[PDB]
Amino acid sequence: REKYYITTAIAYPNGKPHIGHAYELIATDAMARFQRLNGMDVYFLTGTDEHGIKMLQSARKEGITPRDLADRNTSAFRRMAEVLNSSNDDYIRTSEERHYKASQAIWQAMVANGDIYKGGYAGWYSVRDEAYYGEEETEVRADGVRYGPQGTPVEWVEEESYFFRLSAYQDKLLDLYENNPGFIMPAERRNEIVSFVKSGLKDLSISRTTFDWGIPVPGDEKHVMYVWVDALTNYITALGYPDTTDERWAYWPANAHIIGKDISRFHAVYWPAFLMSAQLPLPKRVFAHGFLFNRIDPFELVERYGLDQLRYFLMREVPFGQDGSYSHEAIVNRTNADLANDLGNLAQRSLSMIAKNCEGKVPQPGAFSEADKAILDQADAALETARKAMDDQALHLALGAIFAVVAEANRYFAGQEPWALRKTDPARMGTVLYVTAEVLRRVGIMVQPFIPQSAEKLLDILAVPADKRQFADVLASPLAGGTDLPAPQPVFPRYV
Ligand SMILES: O=c1cc(NCCCNCc2cc(Cl)cc(Cl)c2)[nH]c2ccccc12
């Protein structure tokens, strides 16, 4: 009955969808699905971040309006979510009116808390470095020109701007990191954030005057909101903010923001400060994943390797939170061994033995031997290990525990030699076949959030009713003898 709210970072649709976008959607989709099967009421959100000057100039470059350009490009990110079999319950675009109103509400709420003032962004700026510097990092040379520490000229620049009093929240954020050690993860991000905040926080510019493609500042519409309040507010726009009576508002606070490593500071410093200012509770965890390197277009990978092969490799091979690598032979070999061979072929060998030798019915199992109990108890244990792993977003440890059972089951099945038992002891052959099919059922229920369509097909050839596929069914709904099984077909074909 318990509510669970999980989000992805909204993607910037200035170019095409890339692997990093698909990686974050897949990882967050698997976490969302995991909690649904674990019995939770899940709301899972993703979307697009469409405002800004770079978007306005690209619309200018193509001869169309910014809103028109946003509609065109987000359509490909909306297509990517569908191709990846994402279970997101909503899709937020910052160009939508509900976000416009949500952003203006949270802005006013921060004005009402005393945290927003109008000022100036004046300082030394190097066009060559694209960076700002304090006066002390500079020196005027024999040129008569002033130079920054990198050896390039700096110029004095001055812009009008609204600010958020970020300096007022330095101590409250450190209190947050002390009272909730799991607020920013993994541990390396946590230490980055703590060291940054502990060194002193300056007030934060949150408005621009150089473009109208954005959300107008209430009461000064020559100014528009910068990315900070715009993008981050998407998390509460999707719940109906500012209408706190919306049925969806009970989902706040978010249980988990899944983000990339590069935007850690925006979600772990700016976002909680905005919320504290606006009198709102804080999300329970922000988790940052790493970056993927080809050691490439997401649509192409899916067509070449298959969706569930790609989902598996990305979540099994990179410890979630770290940088990782992908390559053709690695995807092929890792998916051939685990999916096509270990999982897929174990099902085919065992279940076609049931079709030919047990008349297409789940055999009636006799007494369980010591080996029978070990593989069954290991399968039950993998659920508990997977649960504890997913609580920490350790997706690879969850898949590792599940596929350690698959590998042990192959050794169990080969060690029982049920083909030899067909003549010596048909009743024993049945029990071994029952054990193997029963382990496949528990594994099949458990891999549903990581490879949903493939897991669905596996549970389909085990004749598992659609209402017996929650995680609670691992322990409570074992296969019943005498049940009719459809003719088995391979679930994981080998790569060509
Ligand atoms: O200049 C802008 C650029 C922009 N998108 C750039 C890519 C966003 N970076 C990823 C990101 C994602 C999230 Cl969820 C939150 C933040 Cl703060 C940042 N978004 C903008 C929105 C309003 C006004 C200006 C901009």
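Residues numbered from 1 in each chain as written, not as in the entry; some residues may be left out. Heavy atoms only, no water. Residues with missing side-chain atoms left out of burial classes, pairs and counts.

The PDB entry annotates the protein chain as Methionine--tRNA ligase originating from Brucella suis biovar 1. What the PDB record gives as the title of this entry is "Crystal structure of methionyl-tRNA synthetase MetRS from Brucella melitensis in complex with inhibitor Chem 1312". The heading Subunit in the UniProt record of the protein chain holds the text "Monomer." The record held by UniProt for the protein chain lists under Subcellular location the comment "Cytoplasm". (UniProt positions renumbered as here; feature names shortened; annotations may be inferred.)

**Points about the pattern of salt bridges**
If the charged atoms of two oppositely charged side chains come close together, the side chains can form a pair. Evaluation of the coordinates by the stated rule reveals 22 salt bridges. A salt bridge links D90 to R98, with the shortest nitrogen-to-oxygen separation between them at 3.0 Å. Using a relative accessible area of 29% as the deciding quantity, one classes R98 as partly exposed. Notably, a salt bridge pairs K118 with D220, separated by 2.4 Å at the nearest N-O pair. Of this pair, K118 sits in strand β4 (residues 116-120) while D220 sits in the loop between β13 (207-208) and β14 (224-225); the two residues are 102 residues apart in sequence, bridging distant segments of the chain. Assessed through its relative accessible area of 14%, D220 is described here as buried. Linked by salt bridges that have partners in common, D90, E96, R98, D246 and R248 make up one network. (Salt bridge = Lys/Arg side-chain N within 4 Å of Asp/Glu carboxyl O. Buried < 20%, exposed > 50% of the residue type's maximum accessible area, 1.4 Å probe, protein only. Helix = DSSP H or I, 4+ residues; strand = E, 2+ residues; numbered from the N terminus.)

**Regarding the site of the ligand**
Near the ligand, the surroundings consist of 18 residues, among which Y12, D49, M225, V227 and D230 are the closest. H51 places a polar main-chain atom, nitrogen or oxygen, 3.4 Å from a nitrogen atom of the ligand. Element by element, the count of residues in the shell around the ligand is highest for helix α7 (residues 227-232), at 5 residues. A class-by-class count of the residues in the shell around the ligand yields 13 nonpolar, 3 polar and 2 charged. (Near = heavy atom within 4 Å. Polar contact = N/O pair within 3.5 Å; in protein donor to acceptor, adjacent residues only side chain to side chain. Nonpolar A, V, L, I, M, F, W, Y, C, P; charged D, E, K, R; others polar.)

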